[PDB]
Structure formats: structure tokens, C-alpha cells
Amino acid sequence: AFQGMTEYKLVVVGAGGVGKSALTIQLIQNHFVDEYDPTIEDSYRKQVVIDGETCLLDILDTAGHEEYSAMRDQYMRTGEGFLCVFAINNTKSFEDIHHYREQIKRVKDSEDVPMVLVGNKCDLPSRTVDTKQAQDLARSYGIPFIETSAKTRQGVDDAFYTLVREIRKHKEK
């Protein structure tokens, strides 16, 4: 029997200040947060319909810098898919993406972990990471790339829905 909607555990990772929380709060509350309040760890839930299937998204919003290693390993083991977020005006956040991805692959002991590359703050004028560079990186990993703005809401739904589609593909192989 059906016992309730399918649940997906999604984790949002990336460097300090790239907009992890702003993306999530835009999804959950349709609200843009202008303030920068560094996260420790926050948990959100949302019911949505993606490709005709109702599902419950359990979303973990993480700290940019994870001081304490055992807590970080736990959410990497529990997460089924990961949004790897950088900011298109912060080159260093883009270079850090490779490190997040390697850490997740190591902890899950798998080459094929559902992931989406997210280039956030695409509303800002001071772009230092080119779209083409980000697409190349994502193509090298075999994952989708999406440009977002937590401010304008561009790509916000798409980033999360695309990640659910990646998790579904991985569960049906």
C-alpha cells in the first residue's frame, strides 16, 4: 500500500555567503533575505508536485565552514542529493566546489551521487565566473548546471526540482 508521499533528503552545500539560506528561504517562504546571518544547521520541509508526483522535500541548509567534522559526515551520509552552490561574483567559491564534491563522493563511497551545480547571484553585475566555465565543470562531472538568483527568484524552483529528478534517475537505474 501507498503510505504517504515519497520523501527526498536534499542538502545544500557550498562556501560561506554564496546564498544557500537565501535560496532555501526563497523556495519555502517566497521571501528574499537581504541580511547575512551565518547558518549553523537548519532543517526545512516542503510538499511539492514534480512531474506529476507529489513529494516531500526534507532540505538541510548547511554552514559554509564546517568546524566539526563528524556532524558534516553525518549529513553527507544521510543526504540523497546535493545542491553545490557557488556565487558567480566569487571565484574562490567556484574553486571550492571540487572539494565539496570530493568530500561527498568519499563519504558515500560512490562515483555517482545525485548533484546539481548552482551558480547563484546571477542578478549582480560583478560577474567573475563565466557561464561557460561553469557549464564545462558540470559537464566534466556529468551533472546539470543552473544559474540562480535568490533575489529575483530565477532558477530557484528549477534547481531543487532538477535535483529531485537526478535522485529519481539514480533510484531507477
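Numbering starts at 1 and follows the sequence shown.
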For 141-149 versus 66-74, entry-based mean Cα B-factors point to 66-74
On mean Cα temperature factor in this entry, is 46-54 or 113-121 the higher one? 46-54
Third assignment of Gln26 from its chain's C-alpha B-factors: lowest
By its CA B factor, does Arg101 count among the lowest, middle or highest third of the modelled residues in the chain? middle
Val129's Cα B-factor: lowest, middle or highest third of the chain? highest
